[PDB]
Every structure is written in structure tokens, then in C-alpha cells.
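Input: a single structure, listed below in C-alpha cells.
In what follows, chains are A, B, ... by sequence order, proteins preceding strands, each numbered from 1.
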Amino acid sequence: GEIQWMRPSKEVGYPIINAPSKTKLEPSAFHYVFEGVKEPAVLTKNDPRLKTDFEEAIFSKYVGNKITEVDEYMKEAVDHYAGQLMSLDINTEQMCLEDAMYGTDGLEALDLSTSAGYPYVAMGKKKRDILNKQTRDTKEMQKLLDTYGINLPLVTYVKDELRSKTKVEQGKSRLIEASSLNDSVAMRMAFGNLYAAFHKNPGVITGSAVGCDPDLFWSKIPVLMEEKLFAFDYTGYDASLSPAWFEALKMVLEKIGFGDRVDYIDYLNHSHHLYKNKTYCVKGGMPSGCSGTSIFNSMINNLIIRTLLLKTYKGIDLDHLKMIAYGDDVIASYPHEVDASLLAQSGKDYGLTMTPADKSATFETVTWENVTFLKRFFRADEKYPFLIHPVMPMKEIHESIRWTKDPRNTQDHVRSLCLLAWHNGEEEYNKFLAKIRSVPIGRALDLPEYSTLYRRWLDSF
RNA sequence: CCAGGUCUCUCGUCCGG
RNA sequence: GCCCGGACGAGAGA
Ligand SMILES: [Zn+2]
């Protein structure tokens, strides 16, 4: 992606939208019980912690575009992935306005608790004003579509979230692009049946994990994988996606029968944004805050990996690639070992910056022991070897527990961390509780015991 | 007094069949 | 007891 121009939106007709400047994150009752290095991200330029210019930092992600042409390997990747999706029999029809707004089998309603975006946000208009889940009233929405159309500008906000130390000093705050309610609805009418088919079929056919529940899905994954794992990280995945990758995406869409809506992807490519007193325009790339980005990113990952294997290994048989992506995250396999250092090499030629998995300094063999997906490791149950624990390391959980956005949520927050934590084993878990229970508020909390959780997990199969 | 996207999963609360 | 569903809130993950 690349910025094409900035300029006081006042000089191009667009309103000024100002985001809050204060973090909602505050130290927990557990802030000193557990160790941690993360702190709330920089939300403004006038932030003390900064050791470099903010706006330079937060926009520096738009690294340019290597390719624009879909070459022979990408094309073969497209044909192969599309053929896979074809086996699912994806309903290619538009989704009616009512289901695109209110949800259907495999697709959740629009989120009524979030912003309606432009221009409703300058009009003080809210999703709740327009939508009614009880009546599923489409009349008002239809009128707003008629009135304001689609392809509206996105509103840029900095994400209020925890960030490591260097990322706070370095101003590496992440940006949110608030999609318009009109565009979310139009995207869902166009692609809802695609979204639903993905959500209903996490696994190696979709090559997507959207819709999976790790506690159960972790047991299916090793069985789905071929003998030899491989994996790697991308640096700035979304930003490094060149136009060629979207064309390839539109090609997959045409092939599976959505050919008549591929213009939507184009719109996703040339986007206008409002940040405070300014307005910019980006050509290339796909705003994280648009409908479907999670699916599209995962689909592109599938293309990317097929492409690199074709380029790197002559005569590789894609039918024996088994991979599952969640956006840019991925666990992949092949009956014979594939070298991620060699894949990362070929990736350069497509504008992809690939590095060893899990921030390793070097590319090393990926094994069931070091492999991670969705931040969780894979560990067979001691008692029942076929049942696999998604193991999230405690470090992450300790970071989370040290902060709250509203202490009235402490119980739910800590309970939820517990459901993540216990997979580390009874000993690590019981220590977690002891530490929680080492302060009075922790002793007022109702927390599940290991054996209750373990039994619940066994029973869930 | 509010403000801050798209999704998935899960848990909790409340309410139902 | 066990299923199935809804509304709202939260957490994590991408
Ligand atoms: Zn433009």
C-alpha cells in the first residue's frame, strides 16, 4: 500500500472527526501481582513516552508495491485454490438486505455497539438508530443506501490497546479504518454467502481457521496436516500486499462464481480515509476495518503459499499441501520437508517480507513441539494422546491480567484468562490461582478449578 | 454524557423453547 | 439432568 496524497479535508469538503486522546486502559488490581512489559499504545503526538515522530511512525507502514502482474505461478495458485473451494458448493447468490444486516446461518449480525462510520459519525447517527434486531427492519437502511450510496471514505482511528515498550517509544501504534455502515452492508449482501461458507468450514479445504474453536479444533489439526510442517511470519502483511495479489483474489472470486462483484475488491484497493483534520487516499491494500478482510486475507495467504511453493520447488504437487490460515497466520504441511528460508527468498520477488516463525533469529525445522498457531502451542493430553491442548503461554495471560478497561469486568476478564491458562497444566494453573488469590479482590472472584475445566474439556468431545 | 473498525471463538449475566 | 435458541456484556485470537 502507498499514500497518494494528504491534505486538510477542510479543503476537499470532508468534516473533521476527532478521536478521543486518552487510553481506556488502567492498571489492574493485579498489576503488581504479575510481571509484564506492555503498556497502552500511544494515542496522540503529545505523548511523553515517544522517542520519534508519531504520525511519521503510524503511517510509515505503507511500504510500496512490488508487483502488479499476475504471473504464471500465481495463476496456477489461483486455479488450484479455486478448484478446492469449488468442492464446497458455495451459494453464489447475493444475500438479501435483511440477512446481510441481521445475520443468518453462518453470519452474525452487524455489531450494533460499534460506530456507523462516515457520514453517520459526523451526523451523530448510531447503528442502534438505524437497526432493529427484533423487527429486523430494513426500510431505514435501504433509504440510507439510496441516499448515501456506497464506496464512502473510511475513518481512521488509532487502536487503544496494549503495546510492548519499544513499540510505545517508537510510536508503532496500530491504525483502525472504520468502515461505513453502507459499505459493510453492501459487502455483506455481495459476499455474505461466501463468509458463511468459510465460517462453516474451517479446515484444509478452505485453508482457513475462521470459525474454529481452538479447544476442539486443535485435535483435528495434526490429523489434517501432512507429515512435515512448515511456517514463517510476515512483516507488515496487509501493507505489503501488492495489487497483483488482489487481482489474483478477484480471479479466485470469478472462478467460484462471484465474478460479478469483483469490483468490490477494486473499491477495497482505492480508498479514502479521514484522520482528524486531514484526508488521504491509498491505492493498493485493503483496510483492516472493512467487511470480509479476515476471509480475504486468509484466501490471499493460500495463494501466496501455493505461489512460493511452485516457484521454489519445481514439480511440487499442490494436492499434498495442507495448510490453514487465519489472515496472515498459518500452519502448513507437506509430505516432504519444505524450507521456509527458501520460500522467504522467493517471497521477496513478490514484495513479501517473511521471517522465521515466532520471532526466531533463524529458520529452524518446525516440529509439533515448537509450532504455534493463533498464539497457541500444540500439546497432547497426558491421559489421552489423541486429544490436543491449545497451549497459550502464561506470559501473554500475565500481560492481559495487569490491565482493565473497566474494573467492573474483573470477574469475566479473569475467568476468561483461566480458560486460556489451564491448558498449561494443573501445576502452572494452580500457581495462577494462588497468585490471583494473593490479593483481596482476587479472593472475591469465583474461579474454575483445574479438574472442573479438564472434565469440561474431555466432555466437550 | 458520550466518542474508537471488521471478524471468529469462548465465557458470563439475564430471558426464553 | 440433557439438548436448542435469544438479548446484552467481557476476554482472547487474526
Ligand atoms: Zn483517491
With sugar-phosphate meaning primed atoms plus P, OP1 and OP2, does [X] contact a base, only sugar-phosphate, or nothing at under 4.0 Å between heavy atoms?
{"X": "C418(A)", "value": "nothing"}
{"X": "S291(A)", "value": "sugar-phosphate"}
{"X": "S298(A)", "value": "nothing"}
{"X": "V155(A)", "value": "nothing"}
{"X": "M392(A)", "value": "sugar-phosphate"}
{"X": "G327(A)", "value": "sugar-phosphate"}
{"X": "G117(A)", "value": "nothing"}
{"X": "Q134(A)", "value": "nothing"}

If you measure only the distance, is there a donor-acceptor pair under 3.5 Å linking the side chains of [X] and [Y]?
{"X": "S173(A)", "Y": "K159(A)", "value": "no"}
{"X": "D129(A)", "Y": "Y120(A)", "value": "no"}
{"X": "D160(A)", "Y": "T23(A)", "value": "yes"}
{"X": "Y234(A)", "Y": "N301(A)", "value": "yes"}
{"X": "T135(A)", "Y": "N132(A)", "value": "yes"}
{"X": "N302(A)", "Y": "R306(A)", "value": "yes"}

Nucleotide nearest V121(A) when distance is taken to its side chain, options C7(B), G4(B), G13(C):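 The listed nucleotide nearest to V121(A)'s side chain is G4(B).
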Minimum-distance nucleotide (side-chain atoms of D160(A) versus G5(B), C7(B), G4(B)):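 Nearest to the side-chain atoms of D160(A), counting from C-beta on, is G4(B).
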Give a yes or no on whether [X] atom [atom1] has more than 12 heavy-atom contacts from other residues, nucleotides or ligands under 6.0 Å away.
{"X": "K220(A)", "atom1": "NZ", "answer": "no"}
{"X": "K172(A)", "atom1": "NZ", "answer": "no"}
{"X": "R455(A)", "atom1": "CZ", "answer": "no"}

Taking only side-chain nitrogens and oxygens of [X], does any of them come within less than 4.0 Å of OP1 or OP2 of [N]?
{"X": "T114(A)", "N": "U6(B)", "answer": "yes"}
{"X": "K127(A)", "N": "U6(B)", "answer": "yes"}
{"X": "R188(A)", "N": "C7(B)", "answer": "yes"}
{"X": "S294(A)", "N": "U6(B)", "answer": "no"}

Using the [atom1] atom as the point on both nucleotides, what is the distance between [M] and [N], in whole Å?
{"N": "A10(C)", "M": "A3(B)", "atom1": "P", "result": "11 Å"}
{"N": "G13(C)", "M": "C2(B)", "atom1": "P", "result": "27 Å"}
{"N": "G4(B)", "M": "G9(C)", "atom1": "P", "result": "14 Å"}

Nucleic acid footprint by protein, nucleotides 3-10 of chain C - heavy-atom cut-off 4.0 Å, B for base, S for sugar-phosphate alone: ----SSBS
Between the side chains of [Y] and [X], is the shortest nitrogen-to-carboxylate-oxygen separation below 4.0 Å, so that they form an ion pair?
{"X": "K45(A)", "Y": "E55(A)", "value": "yes"}
{"X": "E161(A)", "Y": "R174(A)", "value": "yes"}
{"X": "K165(A)", "Y": "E169(A)", "value": "yes"}
{"X": "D329(A)", "Y": "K375(A)", "value": "no"}

Between [atom2] of [N] and [atom1] of [X], the distance in whole Å:
{"X": "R415(A)", "N": "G12(B)", "atom1": "CZ", "atom2": "P", "answer": "6 Å"}
{"X": "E396(A)", "N": "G13(C)", "atom1": "CD", "atom2": "P", "answer": "6 Å"}
{"X": "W218(A)", "N": "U10(B)", "atom1": "CH2", "atom2": "P", "answer": "13 Å"}
{"X": "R408(A)", "N": "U13(B)", "atom1": "CZ", "atom2": "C1'", "answer": "13 Å"}
{"X": "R402(A)", "N": "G11(C)", "atom1": "CZ", "atom2": "P", "answer": "17 Å"}
{"X": "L194(A)", "N": "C7(B)", "atom1": "CG", "atom2": "P", "answer": "13 Å"}
{"X": "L420(A)", "N": "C9(B)", "atom1": "CG", "atom2": "P", "answer": "16 Å"}
{"X": "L216(A)", "N": "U8(B)", "atom1": "CG", "atom2": "P", "answer": "17 Å"}

5' precedence on RNA chain C between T404(A) and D328(A) (nearest-nucleotide basis):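 Closest to the 5' end, via its nearest nucleotide, is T404(A).
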Give the residues of [range] touching RNA chain C, defined as any heavy atom closer than 4.0 Å, sorted by residue number.
{"range": "residues 366-375 of chain A", "value": "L374(A), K375(A)"}
{"range": "residues 437-461 of chain A", "value": "none"}
{"range": "residues 12-40 of chain A", "value": "none"}

Residues forming a side-chain hydrogen bond (donor to acceptor under 3.5 Å, both in side chains) with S333(A), sequence neighbours excluded: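 If we apply the side-chain hydrogen bond (donor to acceptor under 3.5 Å, both in side chains) test to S333(A), skipping adjacent residues, there are no hits.
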Identified stems (criterion: three or more consecutive Watson-Crick or G-U pairs, under 3.5 Å), RNA chain B: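 Stem list for RNA chain B: B:6-17 with C:3-14.
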Shortest non-hydrogen contact between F296(A) and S291(A), atoms and distance: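 In this case the closest contact between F296(A) and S291(A) is CE1-O, 4.3 Å.
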Candidate list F432(A), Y450(A), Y429(A), test ring-ring contact (aromatic ring centres under 6.0 Å, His included), partner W422(A), passing option: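 So the option named by the test is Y450(A).
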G13(C) base / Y326(A) side chain donor-acceptor hit below 3.5 Å: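 Under the 3.5 Å cut-off, the side chain and the base do form a donor-acceptor pair.
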Side-chain-base donor-acceptor pair under 3.5 Å for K159(A) and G4(B):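 By the distance-only test, no, there is no pair.
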Ring geometry between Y62(A) and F59(A) (parallel below 30°, tilted from 30 to 60°, perpendicular above 60°):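 Aromatic pair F59(A)/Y62(A) classed parallel.
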Expected output: side-chain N269(A) to main-chain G284(A) donor-acceptor under 3.5 Å: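 No, the answer is negative, given that no donor and acceptor are paired below the 3.5 Å cut-off.
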Donor-acceptor contact below 3.5 Å, side chain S360(A) vs main chain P356(A):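 No; judged by distance alone, with no hydrogens or angles, the pair does not exist.
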Position toward the 5' end of RNA chain B (nearest nucleotide), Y157(A) or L110(A):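 So the residue in question is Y157(A).
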